[PDB]
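Chains as they are written, first to last, in UniProt numbering: chain R, 26 to 533; chain Z, 16 to 524; chain C, 13 to 114; chain P, 25 to 541; chain G, 68 to 134. These notes are about the structure you will find just below.
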Amino acid sequence: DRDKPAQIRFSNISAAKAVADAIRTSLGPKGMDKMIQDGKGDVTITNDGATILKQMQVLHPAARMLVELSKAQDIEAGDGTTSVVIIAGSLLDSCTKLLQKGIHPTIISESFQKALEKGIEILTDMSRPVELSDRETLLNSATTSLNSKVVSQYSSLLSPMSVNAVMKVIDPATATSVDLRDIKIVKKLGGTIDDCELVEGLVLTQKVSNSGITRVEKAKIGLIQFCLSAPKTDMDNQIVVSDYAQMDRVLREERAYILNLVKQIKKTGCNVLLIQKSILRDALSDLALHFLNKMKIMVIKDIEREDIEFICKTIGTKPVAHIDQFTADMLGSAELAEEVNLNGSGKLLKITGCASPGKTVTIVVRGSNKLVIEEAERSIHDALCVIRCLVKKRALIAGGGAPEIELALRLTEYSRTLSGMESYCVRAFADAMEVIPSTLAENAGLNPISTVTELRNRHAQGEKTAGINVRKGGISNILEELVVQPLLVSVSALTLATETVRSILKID
Amino acid sequence: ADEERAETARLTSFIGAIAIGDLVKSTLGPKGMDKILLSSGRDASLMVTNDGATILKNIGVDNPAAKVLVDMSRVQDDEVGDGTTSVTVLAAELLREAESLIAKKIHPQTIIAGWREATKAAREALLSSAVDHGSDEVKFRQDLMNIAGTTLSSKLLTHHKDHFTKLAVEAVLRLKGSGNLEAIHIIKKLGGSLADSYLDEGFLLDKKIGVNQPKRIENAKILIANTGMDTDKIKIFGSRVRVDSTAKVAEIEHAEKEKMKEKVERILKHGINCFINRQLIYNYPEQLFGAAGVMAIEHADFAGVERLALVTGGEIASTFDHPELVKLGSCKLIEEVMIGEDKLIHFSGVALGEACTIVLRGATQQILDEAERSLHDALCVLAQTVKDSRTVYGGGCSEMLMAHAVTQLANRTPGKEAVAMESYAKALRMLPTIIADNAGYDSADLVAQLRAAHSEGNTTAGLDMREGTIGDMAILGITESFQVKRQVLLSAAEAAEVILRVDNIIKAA
Amino acid sequence: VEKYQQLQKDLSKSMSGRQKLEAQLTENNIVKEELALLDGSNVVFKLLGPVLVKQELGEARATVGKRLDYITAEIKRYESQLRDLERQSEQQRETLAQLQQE
Amino acid sequence: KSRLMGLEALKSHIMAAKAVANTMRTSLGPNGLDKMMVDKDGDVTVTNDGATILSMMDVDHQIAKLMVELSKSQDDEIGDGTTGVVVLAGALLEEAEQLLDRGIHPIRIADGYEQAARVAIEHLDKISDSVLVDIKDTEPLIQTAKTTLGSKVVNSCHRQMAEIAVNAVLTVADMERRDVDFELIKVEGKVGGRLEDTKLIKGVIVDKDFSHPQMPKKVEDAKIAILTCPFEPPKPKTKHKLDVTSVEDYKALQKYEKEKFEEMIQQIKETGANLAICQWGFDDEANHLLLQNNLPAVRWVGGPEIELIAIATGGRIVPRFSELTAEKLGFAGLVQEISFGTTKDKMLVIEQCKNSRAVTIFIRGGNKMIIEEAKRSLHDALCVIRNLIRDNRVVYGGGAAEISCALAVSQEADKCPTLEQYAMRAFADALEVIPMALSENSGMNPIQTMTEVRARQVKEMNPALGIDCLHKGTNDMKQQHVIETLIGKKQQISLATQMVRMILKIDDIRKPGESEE
Amino acid sequence: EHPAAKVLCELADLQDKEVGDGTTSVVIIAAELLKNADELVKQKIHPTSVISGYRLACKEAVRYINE
């Protein structure tokens, strides 16, 4: 019977739940890093559940879901991905209870996304909206969220760079979701984090020109989705391999064709030519390109066809497999096309001004070294995420697991008010909240069962007059030390586990 | 080879078909509890389905019924549309009845006649439960809406189905007593949004012709022709590849050029502004088509061109052997129009009134791919129900009823025949158990309540697993077409007794 | 037997003139040096085929970017004909020998 | 060298004698249950008789091995009774076991079985009617032409094949001097229409080669011109290069086709028909251009088929186009392209009233599965009338005859006695098992069934009654319309008695160490 | 045999890069440390709650070693 699935489910339950605890050890920065041996047989030390999910993992199906548990929250808010694992085992406990209570996993499921809709309101009831139209508010808030987080040093510097690059991809007063889509994060090997800079036309890998103009203004950006190499009738060459004599006349053929298509390039014309890799091509004849930049066209060669897809959408240089697809049509018009070799190492074609869809925003990442480059990458991304957290979900809420302490007691009664056989469900549903700050209270160190009992009254009283406050890690107003989070990291965490549980509940 | 007599076959015939019949009823109906699909030999890859047709493929099975009933599963699926998982366990609903009977020592011959003949007591109850819906336009709309969602409801996309549902029944609305799937044109294309989907009244070539060749033709004369301009289909005037000497490269190329320009004038000869080519339109002809204002559509929609020709009122040129004789497609306006992310050339006012073109717009192909397969089954049952405009009372309403009538027949005949007809009718009352079991409610009560409903008989009510409680079948919306629920009854009624039919199994692996 | 060296000949054939090109390769990079340093001082003809033709500078230049297509094309094609012939040569060696011995 | 005891072997004999005999016992008739074959390929297959399932089943013991050997003959001649001998073998044999387990010689009683055969055979020789005739047999045909098409592929009995199958026989029945063969008649399975789409042909039907319909489809006369050679320019059913020197020479190329259309048309026609099967397949062009020019020819043909039509015509093929002859063309009383299937081109129907040694029933089917099961179905009723046309004699049996022939032999045991007495006793009970063993396969007590007619046999002997093989409330033979050519049952009597004797063969139970190794 | 022993060698090696003095000590000290608080960590005490009064005492001890 579905008992065997329940067993399976229980076994999946058995797998997934102990896994969620391993991150509960890493819950919060007060939560502890976890040393991990890998196939290398070497230690791996992270407080990051998302990697601990990915890095060494069991492919058990319940465990398979839990990476996407965070990986959604990874891609949802970019943040709060520990919590979404820390929310998992809390119901997974309670769900087995109902299963142990004999509650039908549908009814179990059925009771939840139902009651989840409830909780988020009361959760949102706790919340304080900030101004998404105001750059500085968010520049204060996500910063305060960055201040609520570990990465500051560059994030401080990079909050304006984030929020501005965001504010530049903020058209709306709502500030929409602020897709990181329109953002191109580029790194340049030289420079410093001070030399990380927001650029309003795409900073492009390198540049490639033989006789091609070094920097062309008003650049018509070509793209080559067509093969510049003459057709391959033997190896790469329009010749066939037998003797010296017959091939040289069709060596003449390889000549003109590669030039003509190249001639045709500049004849419909471009100031710049996007060129993907020649492996991203069948083949591209350089003697054509030798003549193509000899036609004095600024060009880049060997760029990601996927970054091309980014380039196509952001600066409006559309995919071109044809001379005809060159007019100005699929060609983005780039006001200043130049590569900057400057500030130490690296060279990157930097579009300065363009004819571009949306507001095209690329940020250079320069750093004292590669590692210094590497470190600011989260700094923005962190900021960029808590931004795309809060701009996407307007209402801001404080962190520290308090809203869970706040929401549980209420949903327990809401369960009771809801009543019904599903009350016990929604009760157990409500009963998964404190678990996160519970382990978190240990993660800062405390007795949550002692501490959370009291905030729960505090959160019975002011609903937040206090909360586990990361430095304190204990009862005090978290709005006072400003440990803050957009509702997105919270809300985005809710549906996943529940649904994924709601999934595994129906799942045999 | 392994001679497998009744002793070996039955247990083996049950264990798969029963326990796999579990897996299909395991995921059954809206409350149907999903199965993790075990990708076996490939990764673990975890897949989660309410559909057993998936389960059929994933883990290979040697159980002969489970092997055979994969076809039984898909037959109702392939043909009757929805009812995939319905017919599957239906035989499992039976073999389990046959379990205690063969365990009663009962002959299949003793069983078969009973269940087989009890089918008609279920049939004629079903045939009585057959209730003509679509007899009225409102009913027809209702019956369209009642059946369409119900099909895809447990097919594991209900989400934006509501948008495709209407457009689909809006399309089959126009079929108006004659179901025509070529009348409606099915465009399934990733692009747009979850619902960007549009129902074009007409035919639609999704091709992007741009302004290079006409995107807009009023008084549109659609020339349906297979003409090759390089492959050079028959009525071909050229001369093939030959070398008599060093200069022979000249003669051959001038042979095809004339023909193309000549075939163009043949396409100019009809007076069409639209040349629909199932094959390539080369540069020279497409220039000469754009010279005449002729729309040049090369390699048009291959199932579409005829569907075009059907709905737009044309005829094929038959490999372009017709300088005239071909009949020309006529739609009011040909206009290239952006639907989703592509420029689609919408032929509106095609010569067929039942005709439509549905566009299916998913957000991702994962959203696009699943629905049309599920939506295909609705329009089938629709087309089925366009042919017999009907429902029957579901959620057990006809089941418990058909069971009753059979339980009656089990109380009327009851020789060794209705010793089986008993077990027969009980399976009719077992699916009503399973659906509440999918929900986790009381089958014991509700069924025997719906039996307490259908003992006296209740033709108006069934057990709503959505509600969790008993509910109307008036078409309360859970009332389902006579098309499916007769045929779901059909196929598995066969297979069970046919599974009974092989006592002897000889397995040479 | 005959099938042995039929393939190794045109192997060795297009092998050497290809390698002749390698000398000419340096020259084809040097002819990009020599003509580019010719502004029209000395009359530049292409030597391309047996007709020696009054030529222009771009005709001189574009030709040697096209003359490198000699070293480009002839070298590459043979690496096919190398193994294209080599394998069928190697194939036919043991087959017909074992026969005539057996 | 490992020698075992004949007893021990007799075990392995009887241990093999069961499941195979069992296989039929719930599979006997339509009241019997289907026989499934799953392959070395793992291929699920529903099977029939013995020989179908017996050959598919992989024979292991000498018995199993000897089974198919013996078993083929009953379906060869009779077409039916194959399922019975295997039942009959063990039934008597497994008592012959018990008899030898009494400490009885296989030696002594098996004679009695050979001897009680004849007296049951002769008792059989009493049973039912000694006669069927051309119009008479048709209804007993229709009787079996019911149950043969009322069995496997459908139980509906389309009277189509029911009276189509007999006609091919009836056509070739008299031909062979009251004989027929099933090459001499033929089941032609080809789909494109359902089971309800069938045919009887006096000759071959082939789907007539056409490289274009508008290039005229022409069939005429009665005659085919049989050619291994061209009626239009040849080609060995493979790739051929067609080149011309200049732009114009493509036109002269078709003239060569066009002339050698008529050149062959005018050559092959004068010798009869215009219709020439050409084993040579040709390119699209000349084929339709001859279809155009005149008088379609059949191209892309099986070398067997140009041979098949020839030997069907009883004349030869024209091997060489330089050669030709009328005998080497077709003897056909009709040749007509006829629409073949619903799905495809017109078949060329060669029905030979000039000379046909073979008259072939054709069958379409909605599946191969059904068209083969009907193809599987027919041979039986085809073979029973093969018995009829030689000896038109049938015996009501299957519960009339067994217990009948057993009863006299039961009595013969007491007349005869000693070694034959427990022979003829045990000889008899095996027969009475089959009708019993039908109520085994059927829903009825096998005992009380055998009991039933046992009362009726005490009442009346060799009854037009019998059991119910159709499981009708009436237990009949006449009105069950169950019956067998008294050839068949006797022939069926021979085989198990033959085999239960063959297990006795001489002495040697020793092997080199290899007997089944 | 351990990354724990590994990182400690590195720690003394860290200390060594500063000065070879205290390397053997800081190791020996770390063992002392871990053995001190692990008991408390074993006992009722959080691994987080402990090292507070340790590190901050590391502030205190140096504040004497400063004074």
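Each residue gets a CB set at the ideal place from its N, CA and C atoms; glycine is no exception.
Please report how far the alpha carbon of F57 (chain C) lies from the alpha carbon of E309 (chain P), in whole angstroms.
-> Looking up residue 57 (chain C) in the third sequence gives position 45. Looking up residue 309 (chain P) in the fourth sequence gives position 285. As the crow flies, the alpha-carbon of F57 (chain C) is around 55 Å from that of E309 (chain P).
Please list the residues of the region 47-58 of chain Z that have a C-beta atom closer than 9 Å to any C-beta atom in chain R, keeping them in chain order.
-> Under the 9 Å Cβ criterion, the region 47-58 of chain Z contributes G47, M48, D49, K50, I51, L53, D58.
In three-state DSSP terms, what is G149 (chain Z)?
-> Locating residue 149 (chain Z) in the second sequence gives position 134, where the first residue counts as 1. In this structure, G149 (chain Z) counts as coil in the three-state DSSP scheme.
With distances taken Cα to Cα, identify the nearest neighbour of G216 (chain R) among R:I290, R:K395, R:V83, R:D259.
-> Residue numbering aside, residue 216 (chain R) sits at position 191 when the first sequence is read from its first letter. Cα-wise, what sits closest to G216 (chain R) is R:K395.
Helix, strand or coil: how does DSSP classify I322 (chain R) here?
-> Residue numbering aside, residue 322 (chain R) sits at position 297 when the first sequence is read from its first letter. DSSP places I322 (chain R) outside both helix and strand once states are collapsed to three, so it counts as coil.
Do you know how far the Cα of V275 (chain R) is from the Cα of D259 (chain R)?
-> Position 234 of the first sequence, counting from 1, holds the residue named residue 259 (chain R). Position 250 of the first sequence, counting from 1, holds the residue named residue 275 (chain R). Looking at the two C-alpha atoms, the distance is approximately 12 Å.
Nearest to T90 (chain G) by CA position, among G:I132, G:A79, G:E99, G:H69, is which residue?
-> By one-based count along the fifth sequence, residue 90 (chain G) stands at place 23. For the options G:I132, G:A79, G:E99, G:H69, the alpha carbon positioned closest to that of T90 (chain G) is the one of G:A79.
C-alpha gap between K65 (chain R) and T149 (chain R), whole angstroms | For the purposes of this step, residue 65 (chain R) is taken as residue 40 along the first sequence, with counting starting at 1. For the purposes of this step, residue 149 (chain R) is taken as residue 124 along the first sequence, with counting starting at 1. Taken atom to atom, the span from the alpha-carbon of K65 (chain R) to that of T149 (chain R) is near 45 Å.
Name the chain Z residues whose beta carbon is nearer than 8 Å to that of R89 (chain R)?
-> Within the first sequence, numbered from 1, the residue matching residue 89 (chain R) stands at position 64. By Cβ distance, chain Z contributes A59, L61.
Top-ranked residue by Cα proximity to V204 (chain P), from P:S270, P:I166, P:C407, P:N379 | The residue labelled residue 204 (chain P) in the question sits at position 180 within the fourth sequence. Ranking P:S270, P:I166, P:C407, P:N379 by Cα distance to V204 (chain P) puts P:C407 first.
Going by the beta-carbon positions, is the gap between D533 (chain R) and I33 (chain R) smaller than 8 Å?
-> In the first sequence, counting from the first residue as 1, residue 533 (chain R) sits at position 508. In the first sequence, counting from the first residue as 1, residue 33 (chain R) sits at position 8. Cβ atoms of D533 (chain R) and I33 (chain R): closer than 8 Å.
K139 (chain R) - partner residues in DSSP beta bridges | Here the question's residue 139 (chain R) lines up with position 114 in the first sequence. Per DSSP, none; premise fails for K139 (chain R).
Spatial distance of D453 (chain P) from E118 (chain P) (CA atoms) = On the fourth sequence, residue 453 (chain P) is found 429 positions in, with the first residue counted as 1. On the fourth sequence, residue 118 (chain P) is found 94 positions in, with the first residue counted as 1. Rounded to whole angstroms, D453 (chain P) to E118 (chain P) spans 11 Å at the Cα level.
In terms of DSSP beta bridges, what is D500 (chain P) paired with?
-> On the fourth sequence, position 476 is the one that residue 500 (chain P) refers to. Note: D500 (chain P) sits in a beta bridge opposite P:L489.
Name the chain R residues that come within less than 8 Å of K58 (chain C), Cβ to Cβ?
-> For this step, residue 58 (chain C) is matched to residue 46 along the third sequence. Within chain R, no residue comes near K58 (chain C); the closest Cβ sits about 11 Å away, beyond 8 Å.
Does the count of Cβ pairs from the region 473-488 of chain Z and the region 407-427 of chain Z closer than 8 Å reach three?
-> With the cut-off at 8 Å, the region 473-488 of chain Z and the region 407-427 of chain Z touch.
Report back the beta-carbon spacing between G492 (chain R) and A427 (chain R) to the nearest angstrom; my notes put them in contact at under 8 Å.
-> Start at 1 with the first residue of the first sequence, and residue 492 (chain R) comes out as number 467. Start at 1 with the first residue of the first sequence, and residue 427 (chain R) comes out as number 402. The pair is a contact, with the Cβ atoms about 3 Å apart (cut-off 8 Å).
Inter-residue Cα distance where the pair is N103 (chain G) and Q110 (chain G) | To locate residue 103 (chain G), count along the fifth sequence from 1; it is residue 36. To locate residue 110 (chain G), count along the fifth sequence from 1; it is residue 43. C-alpha separation (whole angstroms): 11 Å.
Report yes if the CB atom of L353 (chain P) is closer than 8 Å to the CB atom of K232 (chain P), and no otherwise.
-> Residue numbering aside, residue 353 (chain P) sits at position 329 when the fourth sequence is read from its first letter. Residue numbering aside, residue 232 (chain P) sits at position 208 when the fourth sequence is read from its first letter. Against a cut-off of 8 Å, the Cβ pair of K232 (chain P) and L353 (chain P) comes out as no contact.
Do the region 514-527 of chain R and the region 25-38 of chain Z make contact, defined as three or more Cβ pairs closer than 8 Å?
-> Touching, no.
Using alpha carbons as the reference points, say which of Z:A235, Z:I354, Z:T422, Z:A510 lies closest to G472 (chain Z).
-> To locate residue 472 (chain Z), count along the second sequence from 1; it is residue 457. Ranking the options by Cα distance to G472 (chain Z), first place goes to Z:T422.
Along the alpha helix (DSSP H) that carries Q302 (chain Z), what are the first and last residues, could you check?
-> Here residue 302 (chain Z) is taken as the residue at index 287 of the second sequence, counted from 1. In the DSSP annotation of this structure, the continuous segment of the alpha helix (DSSP H) that includes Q302 (chain Z) starts and ends at 298-307.
Extent of the continuous beta strand (DSSP E) run through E212 (chain P) = The residue you call residue 212 (chain P) lines up with position 188 of the fourth sequence. 209-213 is the extent of the beta strand (DSSP E) around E212 (chain P).
What distance in whole Å lies between the Cβ atoms of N296 (chain R) and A244 (chain R), which are believed to be in contact at a cut-off of 8 Å?
-> Here residue 244 (chain R) refers to the residue found at position 219 when the first sequence is read from its first residue. Here residue 296 (chain R) refers to the residue found at position 271 when the first sequence is read from its first residue. So it is a contact: roughly 4 Å between Cβ atoms.
Cβ pair count under 8 Å reaching 3, the region 248-263 of chain P against the region 310-320 of chain P | Yes: at least three Cβ pairs fall under 8 Å.
Residues sharing a beta bridge with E18 (chain Z), DSSP = The residue labelled residue 18 (chain Z) in the question sits at position 3 within the second sequence. Partner(s): Z:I521.
By how many angstroms is the C-alpha of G305 (chain P) removed from the C-alpha of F345 (chain P)?
-> The residue given as residue 345 (chain P) occupies position 321 in the fourth sequence. The residue given as residue 305 (chain P) occupies position 281 in the fourth sequence. Straight-line Cα distance between these residues: approximately 15 Å.
Range of the contiguous beta strand (DSSP E) that encloses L43 (chain Z) | The residue you call residue 43 (chain Z) lines up with position 28 of the second sequence. Per DSSP, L43 (chain Z) belongs to no beta strand (DSSP E) and is neither H nor E.
Report the three-state DSSP secondary structure of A300 (chain P) (helix, strand or coil).
-> Here residue 300 (chain P) refers to the residue found at position 276 of the fourth sequence. Assignment of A300 (chain P) by DSSP, reduced to helix, strand and coil, places it in the strand class.
Members of the region 436-456 of chain Z that neighbour chain R once the beta carbon cut-off is set at 9 Å | For the region 436-456 of chain Z, the set of residues with a beta-carbon nearer than 9 Å to any beta-carbon of chain R comprises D452, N453, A454, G455, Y456, in chain order.
Under a CB-based cut-off of 8 Å, is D51 (chain C) close to chain R?
-> Locating residue 51 (chain C) in the third sequence gives position 39, counting from the first residue. No, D51 (chain C) lies away from the interface with chain R (no Cβ there is under 8 Å from its Cβ).
Excluding the 5 residues preceding and the 5 following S41 (chain Z) in the sequence, name in chain order all residues of the same chain whose CB lies nearer than 7 Å to its CB.
-> Translated into positions along the second sequence, residue 41 (chain Z) becomes position 26. The residues are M48, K50.
By how many angstroms is the C-alpha of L504 (chain R) removed from the C-alpha of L421 (chain R)?
-> Position 396 of the first sequence, counted from the start, is the residue given in the question as residue 421 (chain R). Position 479 of the first sequence, counted from the start, is the residue given in the question as residue 504 (chain R). CA-to-CA, the gap between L421 (chain R) and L504 (chain R) works out to about 11 Å.
With distances taken Cα to Cα, identify the nearest neighbour of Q125 (chain R) among R:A453, R:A522, R:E459.
-> Here residue 125 (chain R) refers to the residue found at position 100 when the first sequence is read from its first residue. Closest by alpha carbon: R:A453.
Distance, Cα to Cα, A276 (chain P) vs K265 (chain P)?
-> Looking up residue 276 (chain P) in the fourth sequence gives position 252. Looking up residue 265 (chain P) in the fourth sequence gives position 241. Spanning the two alpha carbons is a distance of roughly 16 Å.
Over what stretch of residues does the beta strand (DSSP E) that includes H200 (chain Z) continue unbroken?
-> Indexing the second sequence from 1 puts residue 200 (chain Z) at position 185. It spans 199-205 - the beta strand (DSSP E) in which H200 (chain Z) sits, taken as one unbroken run.
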